[PDB]
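Presented as structure tokens, the chain that follows is alone, the form deposited in one PDB entry.
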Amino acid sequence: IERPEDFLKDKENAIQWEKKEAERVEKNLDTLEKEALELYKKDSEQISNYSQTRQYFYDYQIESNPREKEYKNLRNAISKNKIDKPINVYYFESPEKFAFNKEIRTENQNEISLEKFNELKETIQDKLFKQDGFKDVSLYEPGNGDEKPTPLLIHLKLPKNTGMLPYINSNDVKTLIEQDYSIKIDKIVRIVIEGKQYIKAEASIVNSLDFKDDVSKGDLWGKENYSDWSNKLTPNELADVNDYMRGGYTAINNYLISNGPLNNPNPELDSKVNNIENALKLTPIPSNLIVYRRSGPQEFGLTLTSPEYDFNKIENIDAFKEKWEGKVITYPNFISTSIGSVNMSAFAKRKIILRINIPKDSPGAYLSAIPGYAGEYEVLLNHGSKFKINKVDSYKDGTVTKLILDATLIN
């Protein structure tokens, strides 16, 4: 264990240790892995952008995408070298990455105002931001002579068995990792580097199961944890869950959406809602989990024809973010989600993807585990759930621009 957990400002020693590690690791790489790495060090932009949105297309599209082969080989090379002890890394990020769509300070100013610092603090306070894709990080705190692209520096601690790939490009050593978690900013402080102030954000990792395009593995997990869910429900609860799935969902959910429980109380429907809710609390979600929902425009106050629903125009995206980013949306109805991120027929035309982080022990059930409900990958969430929208991103799906909403269940 000839390595500290954090090299701090000691650049010289950080580089010396990593230079050797790089040489060591490269000898454990296959021709294909080396191939991919060479392509990366020549065009990081494309490959990185791809690694961030690859999971949202049809399974058919993913398999035939040229970049998929590159992604898989690079992904393998990374997970190849798991660190034996934790390590802290450093990297500069754009504030926009955290929904702070303003400037902390210009490149010419040296100080950061109190107002700006408080506004940033409140924006990236109690929020989990999902991170995905390849990213180059540094093992030491930037200093005199180092590149400082933005006024925001992230100091992140990576867990024991995190994959990390030290590599040599031209003459300098670099570190590649693949983000597959959520980050929480615990504290932000001002630090000065060469006369200029920078925000240093102390960040921690929050892990969650995210099957992404691997629907088969997610289905296996869902069946394993809910195979006997139906066998534990009382006759009444089973009958109501069955009715709900058999077509009763429309009446039940319409009743909830129109505030029936408080505007036109229906004893028969309230009973079913109660049994279904209790059924969802019988076997709470076993661990932190990410689910996906392709939403219709109505869920966000729009219609298929609404002019603001055309995200191909950047004006409409900005309008959407001003209204929903950082806000909380409440679903009166029970809400269906999928354990997989892949696009599917029937939802192919929807433009809004809600990517929800479900905390361990939240109510929920894998409906596709019920006898006579296969190849559906469905997770049902409780009625009245509240989701905090942390960030809005966009990507192009063919000729249509679509949105990805990074949200957290906060019920």
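Throughout, rigid core stands for the largest set of C-alpha atoms superposing within 1.5 Å between the two forms. The first residue of the sequence shown is number 1, and the count goes up from there. Shifts are known only where both forms have a C-alpha.
Stretch comparison (138-146 versus 320-328) by mean CA B-factor in the PDB entry places 138-146 on top. The PDB entry records a higher mean C-alpha B factor for 269-277 than for its counterpart among 269-277 and 179-187.
Of the candidates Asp240, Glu96, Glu308, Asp219, the deposited coordinates give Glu308 the top C-alpha B factor. By the numbers in the PDB entry, the CA B factor is greatest at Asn169 among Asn254, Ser295, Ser204, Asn169. For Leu114, the recorded CA temperature factor ranks within the highest third of the chain's modelled residues. Ranked within its chain, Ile389 lands in the lowest third, by CA B factor from the PDB record. Annotation for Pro261: C-alpha temperature factor in the highest third relative to the rest of the modelled chain, per the entry. The entry lists a Cα temperature factor for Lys9 that places it in the middle third of the chain's modelled residues.
Among the modelled residues of its chain, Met344 has a C-alpha B-factor that falls in the middle third, as given in the PDB entry.
Although not depicted, the form deposited with a partner chain bound is the subject of the following passage.
Of the residues given (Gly163, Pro286, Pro297, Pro332), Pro297 alone sits with a heavy atom within 4.5 Å of the partner chain in the entry with it bound.
Of the listed positions (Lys349, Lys360, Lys69, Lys42), a single one reaches within 4.5 angstroms of the partner chain by any non-hydrogen atom in the entry with it bound, namely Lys349.
Proximity of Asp59 to the partner chain in the entry with it bound: non-hydrogen atoms within 4.5 Å are present. Using a 4.5 angstroms limit between non-hydrogen atoms, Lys313 is distant from the partner chain in the entry with it bound.
Using a 4.5 angstroms threshold between heavy atoms, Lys187 stays clear of the partner chain in the entry with it bound. Contact check for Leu304: a non-hydrogen atom falls within 4.5 Å of the partner chain in the entry with it bound. Only one segment in the set 47-55, 369-377, 382-390, 28-36 has residues whose heavy atoms sit within 4.5 Å of the partner chain in the entry with it bound; it is 369-377. For the three residues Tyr90, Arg105 and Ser170, a heavy atom within 4.5 Å of the partner chain turns up in the entry with it bound in no case. Look at the core-aligned forms between the shown form and the other one and you find a single run of 3 or more residues with C-alpha shifts of 2 angstroms or more, at 371-376.
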